[PDB]
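Okay, so here's the structure we're looking at.
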DNA sequence: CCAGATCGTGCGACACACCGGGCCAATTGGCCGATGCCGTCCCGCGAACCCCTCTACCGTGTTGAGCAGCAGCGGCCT
């Protein structure tokens, strides 16, 4: 857990990660899975990454 | 004006300067010689330490991209 301050701890939760066991690895993602789809509106923040 | 500080000079004392004598104190420091406790070693036995061996109802299966070489096949050529 990341405990610099209340905001950092809260933002450690509410995090969606696309890489891990069963996901896609860091070096393999193209440039289409790293884009802001127009369906992100209200489901995933386009600024905070 | 003239009298003590400074110094000259003088007499003595005198603290040693000598360089040579003639004995001594302190203080030895060696181990001398004699006595005694510890290191080393050679067993002595025993606890453990590691290796080898055998047991016979029977039981039968584990991403993308780039570049290059090989196998199968269409189709001439004889």
For chain A, what size does the Cα cloud have along each of its three principal axes, sorted from largest down, in whole Å?
34, 27, 15
Label residue A:2 and residue A:18 with points 7 Å out from Cα along Cα→Cβ: what is the distance between them in nm?
1.8
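Any read-out appearing in this document is the output of simple, stated calculations on the displayed coordinates, not a laboratory observation. Here Cβ is always computed from backbone atoms with ideal geometry, including for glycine, and neighbour counts include all displayed protein chains.
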